[PDB]
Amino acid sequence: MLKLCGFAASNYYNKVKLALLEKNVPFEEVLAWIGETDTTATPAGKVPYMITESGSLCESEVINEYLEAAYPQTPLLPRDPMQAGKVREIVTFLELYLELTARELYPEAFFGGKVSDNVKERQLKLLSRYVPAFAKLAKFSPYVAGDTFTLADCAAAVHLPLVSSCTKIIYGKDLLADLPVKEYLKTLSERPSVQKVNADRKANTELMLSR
């Protein structure tokens, strides 16, 4: 049985969890806090990581690509190369330009730290460019990349709420406000995978901050 390692307070962990659940791949969840990870499976100590009989993988999108390839029964990518491209493009744009941009701010927004005004100013200029660019790509019809649920949704379902929260705190504005995110999440809310992931997330987040 494949082991998904990390913690449900992690959005990238939840991205993989969503894929696993949607595809009906059996898996075991392993609680591995930062600093308590398997450095042979995850050499830079990042979560999530996956351990199987055949090996380990330590980057969430790499994992999800592996799942697509290893478990073809319920595909989460379109068959057509271009269409699959458009899904991947939405994921990448999302993670590289929205999530990672916002992530520079998380120490302050979420973990009681401080980030400089210079950093804040930098990230805002990026987000101001990147959000409208992402809106150009996203479909929300009703799913992020179109009329079906894909790997892009696995990513959007977990990243969008965090980018929103983060920006509201730092900038006093939800920089995703002009996107149909509330309606998107409502669409997702109905899904059992999403319900489990969100319930687990809240539980782990409480646990993590109790510590």
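Sequential numbering from 1, following the sequence displayed.
Judged by mean Cα B factor in the deposited record, 171-179 ranks above the other of 62-70 and 171-179. The deposited CA B-factor of residue 120 belongs to the middle third of values across its chain. Residue 21 sits in the middle third of its chain by CA B factor, as recorded in the PDB entry.
Looking at the C-alpha B-factors along this chain, the one for residue 101 belongs to the middle third. Among all modelled residues in its chain, residue 204 ranks in the lowest third by Cα B-factor. Per the PDB record, residue ranking by Cα B-factor puts residue 112 in the middle third of the chain.
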